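*Asks:* 3D model of this:
(chains A, B, C and D)
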Amino acid sequence: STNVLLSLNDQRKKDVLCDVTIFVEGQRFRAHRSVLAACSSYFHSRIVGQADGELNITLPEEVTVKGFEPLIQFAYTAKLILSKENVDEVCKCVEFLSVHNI
Amino acid sequence: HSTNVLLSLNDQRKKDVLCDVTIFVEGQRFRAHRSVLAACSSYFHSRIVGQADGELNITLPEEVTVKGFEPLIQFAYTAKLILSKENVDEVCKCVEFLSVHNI
Amino acid sequence: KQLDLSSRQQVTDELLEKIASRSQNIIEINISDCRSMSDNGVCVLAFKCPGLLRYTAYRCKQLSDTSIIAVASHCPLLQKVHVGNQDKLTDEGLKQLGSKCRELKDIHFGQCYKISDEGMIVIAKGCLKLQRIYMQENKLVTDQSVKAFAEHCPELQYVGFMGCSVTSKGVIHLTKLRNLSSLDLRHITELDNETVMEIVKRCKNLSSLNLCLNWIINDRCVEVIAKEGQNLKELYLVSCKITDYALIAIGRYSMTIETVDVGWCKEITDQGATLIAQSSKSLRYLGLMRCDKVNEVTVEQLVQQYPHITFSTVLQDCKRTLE
Amino acid sequence: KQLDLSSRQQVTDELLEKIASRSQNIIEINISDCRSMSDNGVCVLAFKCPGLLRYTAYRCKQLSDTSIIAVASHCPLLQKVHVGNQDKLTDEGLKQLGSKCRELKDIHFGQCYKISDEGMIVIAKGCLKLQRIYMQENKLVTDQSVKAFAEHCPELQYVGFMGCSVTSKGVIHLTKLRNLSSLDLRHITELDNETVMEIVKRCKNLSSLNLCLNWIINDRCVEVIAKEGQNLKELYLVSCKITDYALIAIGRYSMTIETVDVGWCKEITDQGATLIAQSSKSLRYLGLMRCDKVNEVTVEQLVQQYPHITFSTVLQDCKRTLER
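*Replies:* Residues are numbered from 1 along each chain as shown, chains lettered A, B, ... in the order given. There you are, the coordinates:
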């Protein structure tokens, strides 16, 4: 639910009880298992094939960290925030991070 | 910076004074300036540059919806948007478009 | 005698039966943005129509076309027909409009995308006193809506067909009449440089050309427009794929002009504005727009460089605008 | 005996001199997410290499191919070589790894886009004792690594080919050996129904089939896997253009199954799921998610109706987390 979404959001922004770990350019996002499954079919491709408690994922060099940062908050809040400097790489509203056909 | 100019113009706009170009949507009047809408949406420069009148009255087709329309001007001014998942489709063009918009 | 009843909303539905009581000189009917009167409520006044000249009605969506039938069939004299955003304007109504009142000299049929070709020929055979022609993105306006019009009235001045469905061949034709004053091409398919060459060498008198939002035009057209442009006073170059080099050519080779509009161009230079500032006293277009990267030198130097000028840009307009 | 030095960051530079101070039997080297040592830092230990068995280094990006050269050149014995996403690893070192120790039995070289073909030939010739195969979205690995790789050592049990550039013309040949248990053909180019039938019927002893993110497979291939897949226990259907009628088909014609993953299917039937709810006896995997086409009666009633279904929606992985 909505408050469930917010509670999961805060628990993400506690750095505690995080399942999936996204490794982009040494930077490591820590997020859950179910939410990134809800977000982008590319990730749910690489998760559900494993029941491991701890997971690891890397992303192609094409996907930029600057455009990558807002996407996690997008997934967690279901909210749209954008700036005029950073649009072209997200120009499909299916968020089109480089490769990236869902 | 010129962004200071933009913010000052925005605050002046949000007083219903010094507003030059008036947009009309099924009765709602949204006031704004003359230069900025020319810089933003190519449908608007078409109807603007051809006149030198005092008070302008530009109407928009039913194709453009109000609900997405309010944040359009906001992103024209301050380049910041607020939006949730229910009202996305009539905006999914990422080059603004949404208007005619064969470029 | 002077209605000007625009933006009157729901104050006027049947009261017009009292205005037209002894007054027979209604010329200034203006009910734009009307939202109260209906078919019969406009038909009662259209019953008489004594010598109407300046009929104008913008954005009367609910208005029917029987009203245009009645206003055209009860007064053969008419001079201004500025209708507007009224939708569902049938092409039957224009038929009887142009058949009955054969004197009109000023039109405004923008944003009616069902008058694509027929209305042209209808008031193209008979009507000959027309002076100002204005449309909008009126879809399906073909090239056969153009050539079969300019052979009948040669005294046109304002030619307004922005964003229509026509090709360069029709605009090649308009070189015939030689009194055209202002040109309103938007969204055409590549009016060529030879075509503008002939249309300007033929039509010496020409005040304003738009060419707003043309992507296929080149820099050489404006290069040569100043080679022969004597009376030209304003160019409307927006979203044009220019090399931003015709500006020096028009600043050198043109001696009578005051406005040049370079709008949605991805390149804006400070040196160009500085050169146009003093290269010509008449060519002043330093109204910088969409210029993010700039310092604060202008607001600190041009104050004492130009102390007797109050300027005209949106940047500097801080005195009148507050009033 | 058990190094497990994973995620040591910048703590291990020269220390390994006393962990193996007298040691001659290090077999559990796992330095995954290493960020401290250098080529010297691996070559100092690589001098001896006493009987290494489970060499592993995930995401050790800074280490070079000389690391693999030294670690494969100094011990003919190796049992697990699961290196990680480490880049700038050419194929010349893998040549020597195949040349020296021809007894390796388990590999993992995902996210190393330098092993397109030559690594396949070199550790396909001499080495034979291989058992598990897993790769990642490593392109340029042409279809030569499949036709030619089922030729030599037929005992392999795990196969991993997600996101590679191999053609179905090699997928034809995987029907050879009957030892294979796991498939990872994610991101492939239209395996036929005939291909799926041959590989299922010949390879009777098959456990897990991946086929994730494949568009071109119709509903019929899934319709017909189940008629002969007996010991198959899980299938991973994601983003496939199925018509959601093979669900009842696998609930009718397949009884030995407990795990099935329906991925990003555009159309999901509710009545078919209703029938599968009571069709089989070994299915409690109701991880309902992306459930726009769902009612509030089945999901409200089966919570207490069936105490054998736990659910794992985002609504569920919060109570369990709160309990801990």
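*Asks:* any chance you could map the strands in the stretch 1-150 of chain C?
*Replies:* With strands called from DSSP state E, counting those that start in this stretch, the stretch 1-150 of chain C shows them at C:54-57, C:80-83, C:107-108, C:132-134.
*Asks:* how much space is there between residue C:253 and residue C:281?
*Replies:* Here residue C:253 is placed at a distance of 17 Å from residue C:281 (C-beta to C-beta, to the nearest Å). Every residue, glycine included, has its C-beta placed from N, CA and C.
*Asks:* same thing with residue A:99?
*Replies:* Per C-beta to C-beta, residue A:99 is found 58 Å from residue C:281.
*Asks:* rewinding a little: so between residue C:253 and residue C:281, which is more surrounded?
*Replies:* residue C:253 (15 against 8; other C-beta atoms under 10 Å in any protein chain shown).
*Asks:* Now the closest residue to chain A within chain C: closest residue in space, sequence neighbours ignored.
*Replies:* Going by C-beta to the nearest C-beta, chain A is nearest to residue C:292 of chain C, at 10.0 Å. In this structure, residue C:292 finds its nearest non-sequential neighbour in residue B:2, 5.3 Å apart by C-beta to C-beta, 6 or more residues apart in numbering or on different chains.
*Asks:* Go ahead and confirm that neighbour touches residue C:296.
*Replies:* No. With contact defined as C-beta atoms under 8 Å, residue B:2 and residue C:296 do not form a contacting pair (10.1 Å).
*Asks:* in stretch C:7-15, what counts as buried?
*Replies:* Neighbour counts over stretch C:7-15 (16 or more other C-beta atoms under 10 Å in any protein chain shown) mark C:8, C:12 as buried.
*Asks:* Ends of that stretch, what's the gap?
*Replies:* Distance across stretch C:7-15, first residue to last, is 16 Å (C-alpha to C-alpha, to the nearest Å).
*Asks:* Need phi/psi at the nearest residue to residue C:187 once chain neighbours are set aside.
*Replies:* Distance criterion C-beta to C-beta, 6+ apart; nearest residue to residue C:187, sequence neighbours excluded, is residue C:163 at 4.1 Å. Note on residue C:163: its backbone torsions stand at phi 60, psi 50 [degrees, to the nearest 10].
*Asks:* Let me know how buried residue C:163 is, in neighbour terms.
*Replies:* 22.
*Asks:* What are the neighbouring residues in contact with it?
*Replies:* By C-beta atoms under 8 Å, 6 or more residues apart in numbering or on different chains, the contact list for residue C:163 reads B:46, C:136-137, C:186-187, C:213.
*Asks:* Which member of these is positioned nearest chain D?
*Replies:* Of all the contacts of residue C:163, chain D sits closest to residue C:137, with 36.6 Å by C-beta to the nearest C-beta.
*Asks:* List the contacts of the closest one.
*Replies:* B:100, C:111, C:113, C:162-164, C:187.
*Asks:* Quick check: phi and psi on residue A:23?
*Replies:* Phi and psi for residue A:23, reported as degrees, to the nearest 10, are phi -110, psi 100.
*Asks:* Next up, the contacts around it.
*Replies:* Going by C-beta under 8 Å, 6+ apart, residue A:23 touches A:56-59, D:59, D:85.
*Asks:* Not counting sequence-adjacent ones, nearest residue to the single nearest residue of the stretch 1-150 of chain C relative to chain B?
*Replies:* Closest to chain B within the stretch 1-150 of chain C is residue C:85: 5.3 Å, counting by C-beta to the nearest C-beta. Once flanking residues are discounted, residue C:85 sits nearest to residue C:59: 3.9 Å by C-beta to C-beta, 6+ apart.
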